[PDB]
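Student:
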Amino acid sequence: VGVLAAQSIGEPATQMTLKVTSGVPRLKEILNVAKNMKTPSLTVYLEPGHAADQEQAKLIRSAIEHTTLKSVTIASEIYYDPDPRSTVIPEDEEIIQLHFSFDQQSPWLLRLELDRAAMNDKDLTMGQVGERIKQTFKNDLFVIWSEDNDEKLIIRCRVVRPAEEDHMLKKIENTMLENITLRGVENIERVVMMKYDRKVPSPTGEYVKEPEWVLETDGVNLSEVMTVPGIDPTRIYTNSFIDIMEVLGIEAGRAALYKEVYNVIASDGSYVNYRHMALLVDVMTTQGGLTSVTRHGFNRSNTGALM
Amino acid sequence: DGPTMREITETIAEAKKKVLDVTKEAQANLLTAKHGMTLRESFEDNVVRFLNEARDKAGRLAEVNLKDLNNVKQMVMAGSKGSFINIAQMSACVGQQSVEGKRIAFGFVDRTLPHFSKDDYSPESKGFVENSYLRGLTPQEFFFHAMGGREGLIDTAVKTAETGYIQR
Amino acid sequence: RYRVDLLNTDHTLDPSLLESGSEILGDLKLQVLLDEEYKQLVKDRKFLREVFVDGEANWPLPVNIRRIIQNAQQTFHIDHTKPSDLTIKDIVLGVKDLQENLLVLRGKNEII
Amino acid sequence: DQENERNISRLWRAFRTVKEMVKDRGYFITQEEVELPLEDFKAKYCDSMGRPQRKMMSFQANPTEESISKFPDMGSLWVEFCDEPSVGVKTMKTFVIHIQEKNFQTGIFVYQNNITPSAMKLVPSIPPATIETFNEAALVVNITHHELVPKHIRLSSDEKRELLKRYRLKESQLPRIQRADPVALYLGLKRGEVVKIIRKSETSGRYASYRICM
Amino acid sequence: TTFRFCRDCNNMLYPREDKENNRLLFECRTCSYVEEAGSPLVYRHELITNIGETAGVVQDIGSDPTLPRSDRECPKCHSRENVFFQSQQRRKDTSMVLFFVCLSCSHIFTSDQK
Amino acid sequence: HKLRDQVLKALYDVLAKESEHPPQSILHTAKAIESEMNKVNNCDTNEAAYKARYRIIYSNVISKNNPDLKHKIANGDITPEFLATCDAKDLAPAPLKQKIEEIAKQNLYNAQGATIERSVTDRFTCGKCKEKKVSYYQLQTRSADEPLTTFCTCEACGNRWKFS
Ligand SMILES: [Mg+2]
Ligand SMILES: [Zn+2]
Ligand SMILES: [Zn+2]
Ligand SMILES: [Zn+2]
Numbered sequence: 001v002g003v004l005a006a007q008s009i010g011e012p013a014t015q016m017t018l019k020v021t022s023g024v025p026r027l028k029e030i031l032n033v034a035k036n037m038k039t040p041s042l043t044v045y046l047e048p049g050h051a052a053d054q055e056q057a058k059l060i061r062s063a064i065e066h067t068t069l070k071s072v073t074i075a076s077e078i079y080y081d082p083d084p085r086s087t088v089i090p091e092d093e094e095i096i097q098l099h100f101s102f103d104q105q106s107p108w109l110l111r112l113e114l115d116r117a118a119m120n121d122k123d124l125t126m127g128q129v130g131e132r133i134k135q136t137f138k139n140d141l142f143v144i145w146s147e148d149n150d151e152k153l154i155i156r157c158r159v160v161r162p163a164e165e166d167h168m169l170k171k172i173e174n175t176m177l178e179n180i181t182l183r184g185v186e187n188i189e190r191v192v193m194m195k196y197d198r199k200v201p202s203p204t205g206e207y208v209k210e211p212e213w214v215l216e217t218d219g220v221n222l223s224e225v226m227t228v229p230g231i232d233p234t235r236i237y238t239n240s241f242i243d244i245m246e247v248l249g250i251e252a253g254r255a256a257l258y259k260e261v262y263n264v265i266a267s268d269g270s271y272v273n274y275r276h277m278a279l280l281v282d283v284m285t286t287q288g289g290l291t292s293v294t295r296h297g298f299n300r301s302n303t304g305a306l307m
Numbered sequence: 001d002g003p004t005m006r007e008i009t010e011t012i013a014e015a016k017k018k019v020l021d022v023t024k025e026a027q028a029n030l031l032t033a034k035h036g037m038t039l040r041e042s043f044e045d046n047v048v049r050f051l052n053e054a055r056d057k058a059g060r061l062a063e064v065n066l067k068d069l070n071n072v073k074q075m076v077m078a079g080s081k082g083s084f085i086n087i088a089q090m091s092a093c094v095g096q097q098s099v100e101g102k103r104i105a106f107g108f109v110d111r112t113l114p115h116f117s118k119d120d121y122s123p124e125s126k127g128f129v130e131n132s133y134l135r136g137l138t139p140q141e142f143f144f145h146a147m148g149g150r151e152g153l154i155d156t157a158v159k160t161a162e163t164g165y166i167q168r
Numbered sequence: 001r002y003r004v005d006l007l008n009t010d011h012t013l014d015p016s017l018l019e020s021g022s023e024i025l026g027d028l029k030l031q032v033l034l035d036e037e038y039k040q041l042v043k044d045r046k047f048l049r050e051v052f053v054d055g056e057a058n059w060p061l062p063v064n065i066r067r068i069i070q071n072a073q074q075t076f077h078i079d080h081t082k083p084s085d086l087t088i089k090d091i092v093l094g095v096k097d098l099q100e101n102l103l104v105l106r107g108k109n110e111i112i
Numbered sequence: 001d002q003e004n005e006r007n008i009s010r011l012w013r014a015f016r017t018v019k020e021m022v023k024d025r026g027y028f029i030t031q032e033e034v035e036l037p038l039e040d041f042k043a044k045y046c047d048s049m050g051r052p053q054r055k056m057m058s059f060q061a062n063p064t065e066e067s068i069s070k071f072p073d074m075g076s077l078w079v080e081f082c083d084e085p086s087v088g089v090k091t092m093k094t095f096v097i098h099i100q101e102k103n104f105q106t107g108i109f110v111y112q113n114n115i116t117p118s119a120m121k122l123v124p125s126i127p128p129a130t131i132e133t134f135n136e137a138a139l140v141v142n143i144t145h146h147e148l149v150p151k152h153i154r155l156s157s158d159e160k161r162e163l164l165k166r167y168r169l170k171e172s173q174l175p176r177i178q179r180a181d182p183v184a185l186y187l188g189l190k191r192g193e194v195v196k197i198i199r200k201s202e203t204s205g206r207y208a209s210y211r212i213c214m
Numbered sequence: 001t002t003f004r005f006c007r008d009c010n011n012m013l014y015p016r017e018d019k020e021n022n023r024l025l026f027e028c029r030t031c032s033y034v035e036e037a038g039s040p041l042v043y044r045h046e047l048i049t050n051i052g053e054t055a056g057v058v059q060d061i062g063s064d065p066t067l068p069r070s071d072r073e074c075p076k077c078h079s080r081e082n083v084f085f086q087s088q089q090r091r092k093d094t095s096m097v098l099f100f101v102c103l104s105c106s107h108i109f110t111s112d113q114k
Numbered sequence: 001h002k003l004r005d006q007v008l009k010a011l012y013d014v015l016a017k018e019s020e021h022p023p024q025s026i027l028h029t030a031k032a033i034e035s036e037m038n039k040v041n042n043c044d045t046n047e048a049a050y051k052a053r054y055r056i057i058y059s060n061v062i063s064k065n066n067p068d069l070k071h072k073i074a075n076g077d078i079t080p081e082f083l084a085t086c087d088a089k090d091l092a093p094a095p096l097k098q099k100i101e102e103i104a105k106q107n108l109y110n111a112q113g114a115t116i117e118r119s120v121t122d123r124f125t126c127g128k129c130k131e132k133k134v135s136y137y138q139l140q141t142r143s144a145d146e147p148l149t150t151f152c153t154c155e156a157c158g159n160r161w162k163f164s
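Residue numbers (my numbering), protein chains in the order written: chain A, 1 to 307; chain B, 1 to 168; chain C, 1 to 112; chain D, 1 to 214; chain E, 1 to 114; chain F, 1 to 164.
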């Protein structure tokens, strides 16, 4: 049966095509893990209590997607401001008494400006990010920022310590741009919304194509994504079946793996009976863990030396 | 039939006219800039969708005109070989040959082939195929046709070795 | 489609379909048999709706039923008028007879 | 408000998950107890305004009548939530001494964050008592309620012996399951235990299967 | 933002701060020449730009025969001849705005109307 | 009493600095003490969020655009209201407001993704629902010995198939 299954699954691999990786290299990567993905896409369904609430969907995407300073940084300039408590720049003067209503610092001003649109698209106000950059050090950085409602959002920061300024301040600038997370979970990228539908049992006892809203992405994680509120933890799903194995369990892993391989080979040239595919999936999972059929993978087992 | 031929002609012509209108709208900078993809990508999507609708509308018209004693229509709806796509392809138009979805790339600078003027996105420019088989081609269309076929051959001749390895 | 009520009104059979169907209208025993197999069927419906969330009808399966009963019709030459010689008792016991008589695993223990 | 509220909610959900874990491992809990309202738990186990006092709502539990019916040996189990972010060796030492004094055999521990290996080294002490550690974020979501995982169920050694003598196997060719699996730590099983698994099959719906812990 | 050079010796000037008079003094690291700075601006990163679609113009663009020709006029000289061509910047998100250069007014103008 | 004197002095300054002069200075310090005593009602100088709301209202006053906030806050728009408002986006001014709504509309559009539309015809028939709403698409897969595949999909339900 396994031999017949192997020949059956082998036949339509010769009729393949070559966005999202498909075709022969995708099949090879799936069958021959390769702790590497090339497509970290993971699917997320909302809470069913939020059916078609677009503001809810974008609130969720703002909650889930990681950003940096560089996501919102445009204007990053440096200045020499001699008076510590009076600005040479004539625009920033009211903010002095805004924050002024702790002296032994360099008279060197670093100054950052962001986008209003790229600020509140992700639904964060500038007060808490000024708070965030304040609290991440609190010891070395005297940090001043404006109101939200100003025409140009500004950050004023200085190094405080009771010659040798430029390169230190440049490196600290580079560090705060490259490292400081804002919200979300890192290794997750841009996220978009499709208007999918789903066959759903009717209250009168029939079926109906009903719309709903979904989340897709370009990054992979599992240990954090069910934690955030407003999310179905159950029906989450990812192509990257190794992570499903590791987080959930090997039975869920083989189910997900069979689902993925069925999708790939049913993209075209479908179909085959389920039993062959299931036999293959379960025999390559039946060792308590994933096992690619390599020179090293299944062969390094308690198995006959001649095979 | 000749009247059906000129209906094919004017169908392709109005497709070209709407393409020109969309290009003009792009060239005056005001567009939707459709969500998800980029401005140019949306432009490519619009022109591809327009030309494909042109092609198969032409094919539908040709097939419904075609007679009941037509022997190759008898062949195809009899089954064995050929299809509606084959008949339309060989009788009315070809559609834009392409490699990997994008139409024929800017090989030389600023343009497609060195034989047009600079900086064009017209169906002739990139090389949407106008004519059918029967009336002939222009050399540009001939060349693009060769491009697509050669792509098919090379992908087959690599995938055969790869699928043999994975099957074994 | 499936509701049969031997003493009630709306889903009652037409007794022109069975010679021994007029007199049985109101019998308790036959009604109990019909009701319990009806409950069996509705629990099966719930089970199927659980084990397929979508609702797909067509599925791969062993031996076909439609064509085999079709050729049964066209070989033993059923007409359009005669009520059958069948009994409700015969049908509802024979289905369970064949139900147990499908035998894939020869064995004796509880697990088998 | 800031993340105080989601911290409270996460603790609430973790408490929920632990409760169902103790339930389906076979220990007598009212099933109604797991749907305790979030605001009710907040009022019940916060001190003044926003601080939950994790040391005190930790609770004891007992095997069900059916649990004793299947197996002859489970003592009572005991759970804990420390407040310390990392876990101190002396704190866990007091914990394990309390477990030994109260004569329990199952260690159910929850850490806020990482624990030193100098605490981890005396974790496998005092046999036959066994000790286990979970993370809250690891137990923020009840894993079984994900629809992809099938049902899981435990066996007796008697039933395992019956299974072996029926299918004529010998103990090794049967498919395995890792000890470090999430469902394995969910069920708390150790080596030598056999797990029956039922999943919703697509040619017969209900379908037997078997795994051996290793 | 430009890099001044010491007029006594053509070398890259560096910023260095006065110790007490609180002024940026661009002192040469080669020679002793020093100069006060006009603005407190020193360094500028500019992580976002959108620039480069226009330039590269020679005074005889139209001398090349390969550029196409149109009949829209220059809105300074009203001559109907023209040379049109697209952006000189090539990113994957540059626009299909067009640039129109004439010979009579010798002027560059566009077709955007937002 | 450092905060309850500092914010009172702040409102002393931001009401004396107005073109709307204070001859009713006792009324204005009544307004200030009302503002501060409802301001503490969130925090009573015991919560760290006290200074944030103060910064919001303070810089909204000192914003200019707009200056008319001073006039409307001296002629009405009572101060215990304007802790519970949290209307910082809503006020000072309205052109910035409609700018924000345009921004939000633009972002909500641009977060939407790819929606390739799958042109259909009635030429073939589905397998699941057997409808002639075929989301057809055409492409070549196999070797040189054949034409295209005749790929098929139903858009009425989702049924993908192929023709021979
Ligand atoms: Mg061997
Ligand atoms: Zn010099
Ligand atoms: Zn002109
Ligand atoms: Zn359909």
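Even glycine gets a Cβ: it sits at the ideal position worked out from N, Cα and C.
Determine whether the beta carbon atoms of residue 309 (chain A) and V143 (chain A) lie at a separation below 9 Å.
Tutor: Examination of residue 309 (chain A) is not possible in this model, given that chain A is present from 1 through 307 alone.
Student: Could you tell me if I56 (chain F) is buried or exposed, where buried requires 16 or more neighbouring beta carbons within 10 angstroms of its beta carbon?
Tutor: Flag for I56 (chain F) reads buried.
Student: With 16 as the cutoff for other CB atoms within 10 Å, does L11 (chain F) come out buried or exposed?
Tutor: Burial call: buried.
Student: If we cut at 9 Å on Cβ distances, does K199 (chain A) have a partner in chain C?
Tutor: Yes, its Cβ sits closer than 9 Å to a Cβ of chain C.
Student: Taking only beta-carbon positions, decide if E41 (chain B) is within less than 9 Å of chain A.
Tutor: Chain A contact via Cβ: absent.
Student: Give the single residue among D:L164, D:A138, D:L77, D:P85 whose Cα lies nearest to the Cα of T64 (chain D).
Tutor: The candidate whose alpha carbon is nearest that of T64 (chain D) is D:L77.
Student: Give me the chain F residues within the contact set of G127 (chain A), using Cβ-Cβ distance strictly less than 9 Å, ordered along the chain.
Tutor: Within chain F, the residues near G127 (chain A) are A52, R55, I56.
Student: When you get a sec, list the residues whose CB is within less than 6 Å of any heavy atom of ligand 1, chain order please.
Tutor: Counting every residue whose Cβ lies closer than 6 Å to a heavy atom of ligand 1, we get A:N302, A:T303, A:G304.
Student: Beta strand (DSSP E) containing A75 (chain A): first to last residue?
Tutor: Run containing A75 (chain A): 73-80, per the beta strand (DSSP E) assignment.
Student: Could you name each continuous beta strand (DSSP E) segment of 3 residues or more that falls completely within the segment 185-217 of chain A, going from the start of the chain to the end?
Tutor: 197-201, 207-211, all fully within the segment 185-217 of chain A.
Student: Would you list, in sequence order, the uninterrupted beta strand (DSSP E) runs of no fewer than 3 residues that lie entirely inside the segment 129-184 of chain D?
Tutor: Segments of the beta strand (DSSP E) lying fully in the segment 129-184 of chain D: 130-135, 151-153.
Student: Assess contact between the segment 109-126 of chain F and the segment 81-100 of chain F, defined as three or more Cβ pairs (one per stretch) separated by less than 8 Å. Is contact present?
Tutor: The segment 109-126 of chain F, when compared against the segment 81-100 of chain F, does not touch it at the 8 Å Cβ threshold.
Student: Can you pull the chain C residues whose beta carbon is under 9 Å from the beta carbon of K200 (chain D), in chain order?
Tutor: Under the 9 Å cutoff, chain C gives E50, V51, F52.
Student: For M56 (chain D) and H99 (chain A), I'd like the C-alpha separation in whole angstroms.
Tutor: About 43 Å.
Student: For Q24 (chain F), return the contacting residues in chain A, with the cut-off set at a CB-CB distance below 8 Å.
Tutor: Result: empty, since nearest Cβ-Cβ is about 24 Å, beyond 8 Å.
Student: Taking 9 Å as the CB-CB limit, is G269 (chain A) close to chain F?
Tutor: It does; some Cβ of chain F falls within 9 Å.
Student: Is there a Cβ of chain F sitting closer than 9 Å to that of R103 (chain B), yes or no?
Tutor: Judged by the 9 Å Cβ criterion, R103 (chain B) is not in contact with chain F.
Student: Can a CB atom of chain A be found closer than 9 Å to the CB of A111 (chain F)?
Tutor: It does: the Cβ of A111 (chain F) has a partner Cβ on chain A nearer than 9 Å.
Student: What are the boundary residues of the beta strand (DSSP E) that includes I108 (chain E)?
Tutor: Residues 108-110.
Student: Output, in chain order, the set of chain D residues within a Cβ distance shorter than 9 Å of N8 (chain C).
Tutor: Per Cβ cutoff of 9 Å: no residues; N8 (chain C) is ~33 Å from chain D at best.
Student: Quick one: give me the first and last residue of the beta strand (DSSP E) that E146 (chain F) is part of.
Tutor: Where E146 (chain F) is concerned, there is no enclosing beta strand (DSSP E), given that its DSSP letter is neither H nor E.
Student: Under 9 Å Cβ-Cβ, which residues of chain F neighbour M194 (chain A)?
Tutor: Correct list: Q112, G113, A114, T115.
Student: Can a CB atom of chain A be found closer than 9 Å to the CB of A208 (chain D)?
Tutor: Cβ-Cβ to chain A under 9 Å: no for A208 (chain D).
Student: Relative to the alpha-carbon of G26 (chain C), which residue among C:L93, C:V4, C:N58, C:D97 has its alpha-carbon at the smallest distance?
Tutor: Answer by Cα proximity: C:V4.
Student: At 8 Å on the CB atoms, spell out the chain D contacts of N101 (chain C), in chain order.
Tutor: Simply none; closest approach about 18 Å.
Student: On the three-state DSSP scale, how would you describe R49 (chain C)?
Tutor: Of the three classes helix, strand and coil, the one that applies to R49 (chain C) here is helix, per DSSP.
Student: With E63 (chain B) as the anchor, note down where its beta strand (DSSP E) starts and where it stops.
Tutor: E63 (chain B) -> not in any beta strand (DSSP E); alpha helix (DSSP H) instead, spanning 39-65.
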